[PDB]
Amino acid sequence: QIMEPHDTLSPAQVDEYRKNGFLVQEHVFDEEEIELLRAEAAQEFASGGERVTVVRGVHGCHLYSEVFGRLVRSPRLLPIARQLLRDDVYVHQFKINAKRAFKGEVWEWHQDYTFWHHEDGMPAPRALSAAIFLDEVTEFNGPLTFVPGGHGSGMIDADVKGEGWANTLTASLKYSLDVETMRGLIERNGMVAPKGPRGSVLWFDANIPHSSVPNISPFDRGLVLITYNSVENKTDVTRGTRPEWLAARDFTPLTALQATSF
């Protein structure tokens, strides 16, 4: 049996990712693959316990689901994560954010790296996320929205609340960026809400500022977000304040899935 030889990003693609801080590959996974992933997302939402947020999200699924454990090692994903981070990689965080059709809430503006630095002791922004589109992403279903190029200022300040981790993945974020600081960013750089079909992957930088609106449409916007971190860039588990299902502690380099008879 045969896995297709690993495909990496073109030099132009890499350049676009570096410039903008994000990049879309369309139709990475086919419909049958996507349906498998949706079914498993549904299992995880139904049985996740304390790993579910209210359903707003579920976290850490690759540690509990075999299908998700295999996904993060996929030859469609792992080679590009390696290429972009220029290292072996492991999964820092895994989450599925079901931005539900009628009543799907905001994600206020944030840089993931701000959270991961302060909550988990990640030392540099040498990480990225791959967001798999379980549904078509349009203007109307609350797309992920970015300031392009906004990753190249490093972190930028954000006020904190809670002496806990509970408010890290709510509508009200622990480290959001204020109206003024965003107005600045937006006035200079733009806003972009990249779009795509079911099965696409949206790659984005740990430090790019991003957000998403409420879901207007009658349509869902299920995303599977896999955060790859550089093994060299492993988080300092002695600054770590969160469970494994939010911030991994096993830094074993991932290997790609090979084709087997089962």
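When you see a residue number, it is the position in the sequence shown, counting from 1. Heads up, when I say rigid core I mean the largest set of C-alphas that superpose within 1.5 Å between the two forms.
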- Farther-lying stretch by C-alpha RMS in 7 other deposited structures of this protein (rigid core fit) among 214-222, 35-43: 214-222
- Query: When the core is superposed, where do the C-alphas shift more in 7 other deposited structures of this protein: in 94-102 or in 134-142?
  - Reply: 94-102
- Note on the structure: Mean Cα B-factor check, 63-71 vs 213-221, entry values; winner is 213-221
- Query: Where do the C-alpha atoms have the higher mean temperature factor in this entry, in 22-30 or in 232-240?
  - Reply: 232-240
- Message: Between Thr168, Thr114, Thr145, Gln83, which one tops the list for Cα B-factor in this entry?
- Response: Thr168
- Note on the structure: Note to self: of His92, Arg100, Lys95, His118, the C-alpha temperature factor tops out at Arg100
- Message: Going by the CA temperature factor in the PDB record, which third of the chain does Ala158 belong to: lowest, middle or highest?
- Response: highest
- Item | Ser129, C-alpha B-factor rank within chain (lowest, middle or highest third) | lowest
- Where the record places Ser47 (Cα B-factor, split into thirds across the chain): highest
- Of the three thirds of the chain ranked by Cα temperature factor, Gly164 occupies the highest
- In terms of its chain's C-alpha B-factors, the third that includes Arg76 is the lowest
